[PDB]
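Some notes on the structure that comes next.
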Amino acid sequence: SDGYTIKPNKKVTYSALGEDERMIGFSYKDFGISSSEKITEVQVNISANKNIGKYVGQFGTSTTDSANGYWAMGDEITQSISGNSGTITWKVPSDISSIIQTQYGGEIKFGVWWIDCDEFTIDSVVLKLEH
């Protein structure tokens with residue numbers, strides 16, 4: 001196949017997150033992804049009880065690269081969502097995609113550096129695969 005979805009229904013209140021808690025992690029094992037498959041894009045679908053407004057954040061991922069601490073982050077993303085639901089997309093760079101570690105507890109992390117609406121729900125996280 002060409003992708004996997006999880007539906008965590010995870011409520012997040014940005015203002016209640018500590019400085020060390022702003023990256024929300026999901027284990028790759030929850031998706032059912034094979035170690036043979038390469039991720040090209042991650043989508044986070046969110047909703048709120050009011051207009052979402054601006055999100056600023058970054059994604060991070062476990063990797064197999066021991067010399068770089070088994071971890072990589074993507075570019076900062078700024079996105080404005082005008083209504084009560086929307087999608088944040090990370091286009092994964094090829095050099096990161098080639099070393100993502102889905103096994104042995106590897107995680108994809110969704111960093112929220114700011115969000116105008118404060119409280120929101122992560123309705124789904126979608127991995128899109130190279131094909």
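Letters for chains follow the order of the structure tokens (A, B, ...), residue numbers begin at 1 for each chain, and ligand numbers begin at 1 in the order shown.
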Residues at most 12 Å from residue A:15, counting only C-alpha atoms, excluding those fewer than 6 positions away in the same chain, as a PDB file with N, CA and C atoms, in the first residue's frame?
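Full text of selection-v6.pdb as output:
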```pdb
ATOM      1  N   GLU A  21       7.484  19.515  26.687  1.00  0.00           N
ATOM      2  CA  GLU A  21       6.355  18.696  26.314  1.00  0.00           C
ATOM      3  C   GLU A  21       5.701  19.146  25.021  1.00  0.00           C
ATOM      4  N   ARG A  22       6.359  20.028  24.257  1.00  0.00           N
ATOM      5  CA  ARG A  22       5.700  20.576  23.077  1.00  0.00           C
ATOM      6  C   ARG A  22       5.787  19.681  21.834  1.00  0.00           C
ATOM      7  N   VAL A 112       4.447  21.514  18.481  1.00  0.00           N
ATOM      8  CA  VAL A 112       3.572  22.695  18.456  1.00  0.00           C
ATOM      9  C   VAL A 112       4.258  23.824  19.187  1.00  0.00           C
ATOM     10  N   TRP A 113       4.877  24.738  18.449  1.00  0.00           N
ATOM     11  CA  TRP A 113       5.551  25.859  19.068  1.00  0.00           C
ATOM     12  C   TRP A 113       4.565  26.985  19.402  1.00  0.00           C
ATOM     13  N   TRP A 114       3.455  27.016  18.670  1.00  0.00           N
ATOM     14  CA  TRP A 114       2.380  27.985  18.883  1.00  0.00           C
ATOM     15  C   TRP A 114       1.153  27.538  18.130  1.00  0.00           C
ATOM     16  N   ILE A 115      -0.034  27.791  18.672  1.00  0.00           N
ATOM     17  CA  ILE A 115      -1.276  27.663  17.910  1.00  0.00           C
ATOM     18  C   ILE A 115      -2.277  28.671  18.468  1.00  0.00           C
ATOM     19  N   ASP A 116      -2.883  29.451  17.577  1.00  0.00           N
ATOM     20  CA  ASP A 116      -3.754  30.550  17.994  1.00  0.00           C
ATOM     21  C   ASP A 116      -4.934  30.070  18.852  1.00  0.00           C
ATOM     22  N   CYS A 117      -5.577  28.989  18.448  1.00  0.00           N
ATOM     23  CA  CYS A 117      -6.769  28.513  19.159  1.00  0.00           C
ATOM     24  C   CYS A 117      -6.514  27.849  20.525  1.00  0.00           C
ATOM     25  N   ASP A 118      -5.286  27.561  20.851  1.00  0.00           N
ATOM     26  CA  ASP A 118      -4.908  26.918  22.124  1.00  0.00           C
ATOM     27  C   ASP A 118      -5.277  25.442  22.240  1.00  0.00           C
ATOM     28  N   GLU A 119      -6.584  25.145  22.294  1.00  0.00           N
ATOM     29  CA  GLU A 119      -7.094  23.789  22.459  1.00  0.00           C
ATOM     30  C   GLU A 119      -7.530  23.216  21.120  1.00  0.00           C
ATOM     31  N   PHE A 120      -7.082  22.010  20.831  1.00  0.00           N
ATOM     32  CA  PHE A 120      -7.429  21.368  19.579  1.00  0.00           C
ATOM     33  C   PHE A 120      -7.307  19.879  19.778  1.00  0.00           C
TER      34      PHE A 120
END
```
Exercise. Enumerate the residues of stretch 59-106 of chain A with a DSSP assignment of helix (DSSP H, G or I), computed from the backbone, and present them as number ranges by chain.
Key: A: 66-68, 94-97
Quiz item: Neighbours of residue A:76 within 7 Å (only C-alpha atoms; same-chain residues fewer than 2 positions away dropped), as a VMD selection string?
Solution: chain A and resid 57 to 58 74 78
Exercise. Fewer than 4 positions away in the same chain doesn't count, so skip those; otherwise give me all residues within 12 Å of residue A:88, counting only C-alpha atoms, as number ranges by chain.
Key: A: 41-47, 52, 54-59, 76-81, 110-112, 115, 122-126
Practice problem: List the neighbours of residue A:102 out to 8 Å using only C-alpha atoms; skip same-chain residues closer than 5 positions along the sequence, and give me the result as a ChimeraX atom specification. | Solution: /A:27-29,33-35,62-63,107
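Atom CA of residue A:106 is found 17.8 Å from atom CA of residue A:93.
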Practice problem: Choose the residue, out of A:10, A:131, A:96, A:1, that has the smallest atom-to-atom separation from residue A:68; count only C-alpha atoms. | Solution: A:96
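Minimum atom-to-atom distances from A:8, A:83, A:53, A:69 to residue A:24 were compared using only C-alpha atoms, and the lowest value belongs to A:8.
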Quiz item: Per DSSP on the backbone, what are the strand (DSSP E or B) residues of chain A, as a PyMOL selection string?
Solution: chain A and resi 3-6+10-13+23-27+39-47+53-57+59-63+71-73+77-81+85-91+100+107-111+114-115+119-129
Practice problem: Grab the atom CA of residue A:130 to atom CA of residue A:4 distance for me, in Å with one decimal place. | Solution: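 Computed distance, atom CA of residue A:130 to atom CA of residue A:4, equals 12.2 Å.
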Practice problem: Write out as a ChimeraX atom specification which residues come within 7 Å of residue A:61 when counting only C-alpha atoms, dropping same-chain ones fewer than 3 positions away. | Solution: /A:71-73,100,107-109
